[PDB]
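Enquirer: The following block contains the structure, expressed as structure tokens.
Number of protein chains: 4
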Amino acid sequence: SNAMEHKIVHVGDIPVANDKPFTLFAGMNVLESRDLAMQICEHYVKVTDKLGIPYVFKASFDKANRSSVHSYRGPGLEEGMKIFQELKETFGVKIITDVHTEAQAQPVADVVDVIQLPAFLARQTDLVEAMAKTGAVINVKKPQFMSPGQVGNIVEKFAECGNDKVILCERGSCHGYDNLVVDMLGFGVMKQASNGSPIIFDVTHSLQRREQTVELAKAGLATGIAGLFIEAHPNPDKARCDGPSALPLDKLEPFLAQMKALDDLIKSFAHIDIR
Amino acid sequence: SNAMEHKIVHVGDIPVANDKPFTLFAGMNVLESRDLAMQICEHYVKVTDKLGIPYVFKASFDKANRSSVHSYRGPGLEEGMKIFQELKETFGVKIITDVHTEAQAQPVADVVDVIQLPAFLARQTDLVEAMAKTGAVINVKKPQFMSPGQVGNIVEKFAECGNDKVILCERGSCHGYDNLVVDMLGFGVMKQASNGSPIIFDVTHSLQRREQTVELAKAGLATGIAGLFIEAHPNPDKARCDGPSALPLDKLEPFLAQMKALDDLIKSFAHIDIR
Amino acid sequence: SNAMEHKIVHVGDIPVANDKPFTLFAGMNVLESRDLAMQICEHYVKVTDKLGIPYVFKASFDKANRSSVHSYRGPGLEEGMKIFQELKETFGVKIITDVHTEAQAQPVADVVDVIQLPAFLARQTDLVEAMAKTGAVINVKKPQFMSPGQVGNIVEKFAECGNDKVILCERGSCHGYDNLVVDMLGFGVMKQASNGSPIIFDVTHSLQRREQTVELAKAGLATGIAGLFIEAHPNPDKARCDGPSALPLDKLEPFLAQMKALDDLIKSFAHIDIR
Amino acid sequence: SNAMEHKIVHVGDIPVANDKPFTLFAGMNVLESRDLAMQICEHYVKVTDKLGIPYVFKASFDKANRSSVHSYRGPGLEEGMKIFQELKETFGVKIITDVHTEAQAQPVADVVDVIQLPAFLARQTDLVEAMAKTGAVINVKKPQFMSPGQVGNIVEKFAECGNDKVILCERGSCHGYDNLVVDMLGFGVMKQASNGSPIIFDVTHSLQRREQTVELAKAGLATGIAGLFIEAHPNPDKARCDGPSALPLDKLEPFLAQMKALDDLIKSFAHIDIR
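Protein chains in written order, with the authors' numbering: chain F, -2 to 205, 217 to 283; chain Z, -2 to 205, 217 to 283; chain W, -2 to 205, 217 to 283; chain Y, -2 to 205, 217 to 283.
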């Protein structure tokens, strides 16, 4: 079949697309403290600036879906925005974060470059609407429970609300109970179903372990995708959420150098028409 | 092992529990019109009153998670509450409906007897809190993506927010892409993990087909459960949502007569201690 | 839809069919010793004779698919047949056992009443042929990896080889890694795909745990099926294979009394035509 | 963690190992005719000789597990061996084929270089024994129903029978009904569980579609594996079995040139120690 045309979604200067050099959407799970966010952001900026990899800093200001109510959730919106603000002014970074309610969408859109629709919330029509209305670039987490052929409906819902700036993010599919598998065929399926919307791959959450980050990242990149989504921490074990999948921050460079070399080759391969 | 003690959650006079006669939580998918809600409610009341089956009328006032924005969603809260009000005054029915945002919880709790936490929203902590705070009986839809051993965390989150009136509802588990299976072992697992919270079974959504309602209902009832959750319509094919799984309303009586006979036997069986 | 007609497969005097009283195909996993086989058979005969339940004694003479070569496999064919022979002469029992190679089919058919096609072998055409050629009643284990709609091909393969005496046996379906789920909808599907061939349910292997035998047996029986397949042992923990799922032999009576009461009700229910 | 040492299994001069250049085990599904086998073999030899890729020709002499008895199965053993013989003398190729019964193992081992254990048969202990006893290199198809951590038991069973020449072959895992997914994490798991036995990837059967051969092959290769297993045909649609997944033979070169470039990079990457 013919190679299809891929859509470009700009995050400022960064052209995000399936057939462009991969963009790194990465950071930490939650904004644990200002100092930690500054340390992590600085390392990512330094490393990506060195390797020549497009970069958008990720962190959550709230964890809205933990298993206990008293359990640590982040700094919340007000204080999280302050930290994003300082990261932007200090480092000149683009920022992505997730939003959890309709009323959060515009105030967070006022600060960050990409707003993220959580997997469990990805079919909530009023949230999609509120997020669409900000005109912000969107990242939609593909639900663990959704087939890859169904991502067109998500893109279309945003388009109906006037927003054509959608990036889709792979984060694994249910494989029996309490395990996820990443279907590498799903990348192609989503590229088709979305008429070439950029697809990125959340390797970290797909591992819900961290030792396997490298191998799984290479497999997804090998399918020709618009980016990788990664969370890291100086000591993953002490991360306040999802520590068991977080990449050790000190390994970011050797990991990314390999990703870049791999992506650069992959992006150079001609399409083979197989019928 | 020993038979454990099962918790009773009262919906007014109705004692809902795994070892009591099953309670029917049933109605229609969405409040399509006042006349349709009146016709459907009346038939269910007449049939359940005749058979001697405890009954709580179900309908949604909004469909918050459809695949298109312009697509029909229901009458919304204001007008839906008016219809519930008329159903209550006319028929003396208990009512269950789902809530989709924190701000909906109290105003709907002011009208209905049981508020329902949708499957996709079941881990949203702020929603659980808002729902817990109303003091209303809760029905939690078990996510397709959640293992049955994990339902304890849901019950516990409500308890921490001061609400011990939780009923759990089985609605199938992911089985590959775009199919669901109901694990009949999950009933026992949830009864254990929840310290005997009432478990009901949404047969209709488990079938996401309707021909198989009977066979699947009997299998779930055979495991000893607190109730069944069913949606019906005079002509399922013209139902404005999820028509393909809805029971034809005219078949309600022969279906329920069988359920009652089956439940009555099941509830009579002694526990067998197998180690 | 209309209730379809169900095929009867006779194991001597026993009419095995989906709409007849359920037949018990049960015994022990492997022929551990003559004394154990005699003790187990006697208890099953006594209990089933008392309750009025049709009965076929099960045991394997070889375990052909263990994980180690030096690991205990049974008495083998010659000596296993001797034990079946003594069971038949002593107790007047019908016997079912599994066959693993083409050359085993006729010599075992010469002794037993039902020959069983193992799940992993169920698509091996030359084995189906050799088994078909004996003219024996067949029990086919449905592979964990096979959809229920595909059982027609199995029945048809036997029919082409001249054998119309096939019983199909449910034993769970893959649910992610290292777990099985039993799809209760699959019973109806197989009844349709097989034009009403008798379907029995191996509760014991579906549990690959034993505590849950009761609950799962009741769920499967509730769908209207031709029999149950059960393995038991005086002390399951010391069973030489699959001990962790074996029913404790002393619990056979209370278990079967419940099964009979349940089946008798189920078999009394009229078909409900839902379209 | 440390990079482990990988075992080399020689197929003549060809060192097959996870950290060596990938070896191509490829050909056609079934030996449809001598001329077709000659045409297909010649093209593969020419292309692999040109690209510098190690090569072992694959074809089945029998399809033992089709869905109908009268349905085409291949030339059978006698005549299949004759064709392998001519391929070897003409082209100097190494040959792999599958064996289906104990009695086939030695006579096929007498002709071919690698004997293959089919997925459905992979736990049959007597077959493993008979295959082990030939001293031939073995390729074991990993069952769709087996977790990757369980491959150690297979390698160990061969070792107990005196055969340490085992190669493991990924061919997908059950993903609900009638679909397979390839878990890219399973490669690492098998490398560990098998103490570094060579793992190859059957891309063709994993697709049980053919359009996606390229994308899936690249994903598996990206994890660092010992080879690829591929079936092709001049006109896949007219292939006498599994046509819908077969690579079009004319596309072999552009496909393999990409595989080689990708593998060569992957094999050059240092291990990253992530804890």
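Beta carbons: idealized from backbone N, C-alpha and C, even for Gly.
1) Between which two residues does the alpha helix (DSSP H) containing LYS47(Z) stretch?
2) Nearest-angstrom Cα distance between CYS171(W) and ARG63(Z)?
3) Go through its chain and collect everything with a Cβ distance to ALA225(W)'s Cβ below 7 Å, but skip five positions before and after it.
4) Is the beta carbon of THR221(F) closer than 9 Å to that of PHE277(F)?
5) Considering just the uninterrupted stretch of the beta strand (DSSP E) at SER57(Y), what are its terminal residues?
6) Should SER170(Z) be flagged as near chain F, meaning a C-beta pair shorter than 9 Å?
7) Expressed to the nearest angstrom, what Euclidean distance is found between the alpha-carbon atoms of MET1(W) and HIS279(W)?
8) Considering Cα atoms alone, identify which of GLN36(F), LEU124(F), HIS7(F) and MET25(F) is closest to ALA240(F).
9) Nearest chain Y C-beta to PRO12(W) closer than 9 Å, yes or no?
10) Mark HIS3(F) as exposed unless 16 or more other C-beta atoms lie within 10 angstroms of its C-beta, in which case mark it buried.
11) Determine which residues share a DSSP beta bridge with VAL178(Y) and list them.
12) Applying the criterion that 16 or more other CB atoms from any shown protein chain within 10 Å of the CB defines a buried residue, is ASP250(W) buried or exposed?
13) Answer with yes or no whether the minimum CB distance from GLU153(Y) to chain W is below 9 Å.
14) Name the chain F residues that come within less than 7 Å of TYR174(Z), Cβ to Cβ?
15) For a test of the three-state rule: what should DSSP assign to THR94(Y), helix, strand or coil?
16) Beta-carbon separation of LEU124(W) and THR98(W) under 9 Å?
17) Near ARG218(F), which residues of its chain fall below 7 Å by C-beta distance, leaving aside the five closest residues on each side in sequence?
18) Can you list, in chain order, the residues of the segment 111 to 140 of chain F whose Cβ is nearer than 8 Å to any Cβ on chain Z?
19) Short check: CB of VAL178(F) to CB of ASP258(Y), under 9 Å?
20) Is there contact here, the segment 4 to 12 of chain Z with the segment 39 to 47 of chain Z, by at least three beta-carbon pairs under 8 Å?
21) Any beta carbon from chain A within less than 9 Å of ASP180(F)'s own beta carbon?
22) Please name the residue in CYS166(W), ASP175(W), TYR174(W) and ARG283(W) whose C-alpha comes closest to that of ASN15(W).
23) In the DSSP output, what is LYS138(Y) paired with across the bridge?
24) Please check the pair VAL42(Y) and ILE164(Y), which I expect to be a contact at CB under 8 Å, by giving their CB distance rounded to whole angstroms.
25) Would a check of beta-carbon distances place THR98(Z) closer than 9 Å to chain F?
26) Answer yes or no: the CB of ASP95(W) versus the heavy atoms of the ligand ADP, is any distance below 8 Å?
27) Can you tell me where the beta strand (DSSP E) with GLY235(Y) in it begins and where it stops?
28) If you follow the alpha helix (DSSP H) that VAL105(W) is part of, which residue opens it and which one closes it?
29) Against chain Y, does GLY228(F) count as a neighbour if the rule is that its beta carbon must be under 9 Å from one of theirs?
30) Considering only residues of the same chain and omitting the five flanking positions on each side of residue 207(W), which have a CB-CB separation below 6 Å?
31) According to DSSP, simplified to helix, strand and coil, what is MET78(W)?
32) If contact means a Cβ-Cβ distance below 8 Å, which residues of the segment 56 to 70 of chain F contact chain Z?
33) Just how far apart, CA to CA, sit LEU118(F) and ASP271(W)?
34) Could you name the residues of the same chain whose beta carbon sits closer than 8 Å to that of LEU74(Y), not counting the 5 residues immediately before and after it, in chain order?
35) Check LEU114(F) in the structure and name its three-state DSSP category.
36) Counting C-beta neighbours from all protein chains within 10 Å, is the total for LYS246(F) 16 or more, i.e. buried, or is it exposed?
Expert: In terms of the structure at hand:
1) Here residue 47(Z) refers to the residue found at position 50 when the second sequence is read from its first residue. It spans 31 to 48 - the alpha helix (DSSP H) in which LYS47(Z) sits, taken as one unbroken run.
2) As a first step, residue 171(W) is located in the third sequence; it is residue number 174 there, counting from the start. As a first step, residue 63(Z) is located in the second sequence; it is residue number 66 there, counting from the start. Near 31 Å, if we compare the C-alpha coordinates of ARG63(Z) and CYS171(W).
3) If you number the third sequence from 1, residue 225(W) lands on position 217. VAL200, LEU236 and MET267.
4) By one-based count along the first sequence, residue 277(F) stands at place 269. By one-based count along the first sequence, residue 221(F) stands at place 213. Not in contact: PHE277(F) and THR221(F) (Cβ atoms no closer than 9 Å).
5) Counting from one through the fourth sequence, the residue named residue 57(Y) turns up at place 60. Unbroken beta strand (DSSP E) run through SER57(Y): 52 to 57.
6) Looking up residue 170(Z) in the second sequence gives position 173. Output row for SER170(Z): interface = yes.
7) Within the third sequence, residue 1(W) is the residue found at index 4, counting from 1. Within the third sequence, residue 279(W) is the residue found at index 271, counting from 1. Approximately 10 Å, taken between the alpha carbons.
8) Here residue 240(F) refers to the residue found at position 232 of the first sequence. Answer by Cα proximity: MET25(F).
9) Here residue 12(W) refers to the residue found at position 15 when the third sequence is read from its first residue. It does not; no Cβ of chain Y falls within 9 Å.
10) As a working mapping, residue 3(F) is identified with position 6 in the first sequence. Flag for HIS3(F) reads buried.
11) Along the fourth sequence, read from residue 1 onward, the residue named residue 178(Y) stands at position 181. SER170(Y).
12) Against the third sequence, residue 250(W) aligns to sequence position 242. Per the 10 Å Cβ criterion, buried.
13) Indexing the fourth sequence from 1 puts residue 153(Y) at position 156. Cβ-Cβ to chain W under 9 Å: yes for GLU153(Y).
14) As a first step, residue 174(Z) must be located in the second sequence, where it is residue number 177. Those are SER144, listed as they occur along chain F.
15) Walking along the fourth sequence from the start, residue 94(Y) turns up at place 97. Looking at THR94(Y) - three-state DSSP - the assignment turns out to be strand.
16) In the third sequence, the residue the question calls residue 124(W) occupies position 127. In the third sequence, the residue the question calls residue 98(W) occupies position 101. In contact: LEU124(W) and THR98(W) (Cβ atoms closer than 9 Å).
17) Numbered from 1 along the first sequence, position 210 holds the residue referred to as residue 218(F). For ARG218(F), where only same-chain residues beyond five positions count, the Cβ hits under 7 Å are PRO244, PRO252, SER253, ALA254 and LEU255.
18) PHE117, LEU118, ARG120, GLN121, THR122, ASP123, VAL125, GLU126 and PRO140
19) Mapped onto the first sequence, residue 178(F) falls at position 181. Mapped onto the fourth sequence, residue 258(Y) falls at position 250. It is not a contact, given that the beta carbons lie outside the stated cut-off.
20) no
21) The structure shown contains no chain A; the protein chains it does contain are F, Z, W and Y.
22) In the third sequence, the residue the question calls residue 15(W) occupies position 18. Of the candidates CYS166(W), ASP175(W), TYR174(W) and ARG283(W), the one whose C-alpha sits nearest the C-alpha of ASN15(W) is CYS166(W).
23) Within the fourth sequence, residue 138(Y) is the residue found at index 141, counting from 1. DSSP lists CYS166(Y) as partners of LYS138(Y).
24) In the fourth sequence, counting from the first residue as 1, residue 42(Y) sits at position 45. In the fourth sequence, counting from the first residue as 1, residue 164(Y) sits at position 167. The Cβ separation is near 21 Å, so there is no contact.
25) Taking the first residue of the second sequence as 1, we reach residue 98(Z) at position 101. Chain F contact via Cβ: present.
26) The ligand ADP is not among the ligands present in this structure, which contains no ligands whatsoever.
27) On the fourth sequence, residue 235(Y) is found 227 positions in, with the first residue counted as 1. Looking at the DSSP string, the run of the beta strand (DSSP E) that includes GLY235(Y) is 235 to 241.
28) Taking the first residue of the third sequence as 1, we reach residue 105(W) at position 108. Here the alpha helix (DSSP H) through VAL105(W) covers 99 to 106.
29) Along the first sequence, one-based indexing puts residue 228(F) at 220. Yes, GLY228(F) lies at the interface with chain Y (some Cβ there is under 9 Å from its Cβ).
30) Residue 207(W) cannot be located in this model; chain W continues from 205 straight on to 217.
31) Here residue 78(W) refers to the residue found at position 81 when the third sequence is read from its first residue. It is helical.
32) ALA61, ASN62, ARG63, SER64, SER65, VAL66, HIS67 and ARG70
33) Within the first sequence, the letter at position 121 stands for residue 118(F). Within the third sequence, the letter at position 263 stands for residue 271(W). Answer to the nearest angstrom: the Cα atoms are 44 Å apart.
34) The residue you call residue 74(Y) lines up with position 77 of the fourth sequence. The answer, listed in chain order, is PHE58, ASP59, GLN101, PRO104 and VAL105.
35) For the purposes of this step, residue 114(F) is taken as residue 117 along the first sequence, with counting starting at 1. Here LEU114(F) sits in strand by DSSP.
36) Here the question's residue 246(F) lines up with position 238 in the first sequence. It counts as exposed.
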